[PDB]
2 protein chains.
Amino acid sequence: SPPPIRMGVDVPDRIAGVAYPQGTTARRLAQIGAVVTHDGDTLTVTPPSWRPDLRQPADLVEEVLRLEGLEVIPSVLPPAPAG
Amino acid sequence: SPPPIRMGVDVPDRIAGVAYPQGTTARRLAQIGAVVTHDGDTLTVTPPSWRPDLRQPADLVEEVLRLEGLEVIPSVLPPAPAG
Ligand SMILES: [Mg+2]
Ligand SMILES: [Mg+2]
């Protein structure tokens, strides 16, 4: 098994800009074969041996977002910086 | 005496974007000759008879801001959206 990865429970929600229902991140990461443990608001995710592409929290975010679907991500224009 | 005006004690601080010291609003409004009473967090201000221009809380904001000096107002760029 690859080394474990610590990631905030709401990190996929913050990156996607979507308040996913509770347990959405943990269920998806378990669906792809990873061991998910809880420690307050921080998850510890050990990806399966056939997923060495999962090395960082960003890799885990891609798993939750692609399984939940990118079509649920809303179109929100960022604020205009004073250019 | 013109009719009394009710205004939050922090309204000049919000309009100016400046955290004025404690009691600055009530001090400046009594200086120009108004009667100031405290009802929790809301002030009740009765302008003097020689100040009929003081009819709304915005007029009271100008009195506090101009006596403290507009130079203390910082320069912050607004959050303009994508045009
Ligand atoms: Mg990936
Ligand atoms: Mg005025």
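If B:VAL76 meets every condition in (1) over 22 Å from B:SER1 (Cβ atoms); (2) within 16 Å of ligand 2 (Cβ to nearest atom); (3) not hydroxyl-bearing (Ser, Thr, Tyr) apart from one, which number is that one?
So the condition that B:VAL76 fails would be (2).
Got at least one residue in region A:16-30 being hydrophobic (A, V, I, L, M, F, W, C) and touching a residue at least 40 places away in the same chain (Cβ under 8 Å)? I'd like the intermediate steps shown before the answer.
Keep residues of region A:16-30 that are hydrophobic (A, V, I, L, M, F, W, C), which gives A:16, A:18-19, A:26, A:29-30.
Checking which are touching a residue at least 40 places away in the same chain (Cβ under 8 Å) leaves us with A:16, A:18.
For region A:16-30, residues hydrophobic (A, V, I, L, M, F, W, C) and touching a residue at least 40 places away in the same chain (Cβ under 8 Å): present.
Give me the residue from region B:46-73 that is of a type in the set (A, V, I, L, M, F, W, C) and away from ligand 2 (no atom under 13 Å from the Cβ) and, out of that set, nearest to the other protein chains (Cβ to nearest Cβ). If you could, list the steps in order and put the result at the bottom.
Kept after step one, since they are of a type in the set (A, V, I, L, M, F, W, C), are these residues of region B:46-73: B:50, B:54, B:58, B:60-61, B:64-65, B:67, B:70, B:72-73.
Next, only the ones that are away from ligand 2 (no atom under 13 Å from the Cβ) stay: B:50, B:70, B:72-73.
Details: B:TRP50: 43, B:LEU70: 22, B:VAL72: 22, B:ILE73: 18 Å.
By that ranking, first place goes to B:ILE73.
If you take the residues of region A:25-41 that are within 12 Å of A:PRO4 (Cα to Cα) and hydrophobic (A, V, I, L, M, F, W, C), which of them is nearest to ligand 1 (Cβ to nearest atom)?
Here the residue is A:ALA34.
Looking at (1) within 14 Å of chain A (Cβ to nearest Cβ); (2) within 14 Å of B:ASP10 (Cβ to Cβ), find the lone condition where B:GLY83 falls short.
(2)
Which one is farthest from ligand 1 (Cβ to nearest atom), of the residues in region B:42-71 that are surrounded by fewer than 13 Cβ atoms within 10 Å (Cβ to Cβ) and acidic (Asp, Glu)?
B:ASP53
Residue by residue through region A:32-77, note down the ones that are of a type in the set (S, T, N, Q) and part of a loop (DSSP other than H, G, I, E, B). It would help to see each step written out before you state the result.
Taking region A:32-77 and keeping what is of a type in the set (S, T, N, Q), we get A:37, A:42, A:44, A:46, A:49, A:56, A:75.
A:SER49, A:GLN56, A:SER75, listed by residue number.
Specify the residue that is nearest to the chain's Cα centre (by Cα); the eligible residues are those in region A:63-78 that are of a type in the set (A, V, I, L, M, F, W, C) and under 12 Å from A:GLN31 (Cα atoms). I'd like the intermediate steps shown before the answer.
Quick first cut of region A:63-78, residues of a type in the set (A, V, I, L, M, F, W, C) only: A:64-65, A:67, A:70, A:72-73, A:76-77.
Those still in the list that are under 12 Å from A:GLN31 (Cα atoms) too: A:64, A:67.
Numbers: A:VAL64: 5, A:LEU67: 10 Å.
Checked region A:63-78; the qualifying residue nearest to the chain's Cα centre (by Cα) is A:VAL64.
Could you give me the residue pairs with C-beta distances under 6 Å whose first residue belongs to region B:1-12 and is more than 17 Å from B:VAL35 (Cβ to Cβ) and touching a residue at least 12 places away in the same chain (Cβ under 8 Å), whose second residue is among the hydrophobic types (A, V, I, L, M, F, W, C) and assigned to a loop (DSSP other than H, G, I, E, B) wherever it lies, and which are 6+ apart or on separate chains?
Listed by first residue and then by second, the contacts come to nothing, as the list is empty.
Methodologically, a virtual Cβ is constructed for each residue, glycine included, from the backbone with ideal geometry; neighbour enumeration extends over all protein chains shown. No value in this document is a laboratory result; all are computed from the given coordinates.
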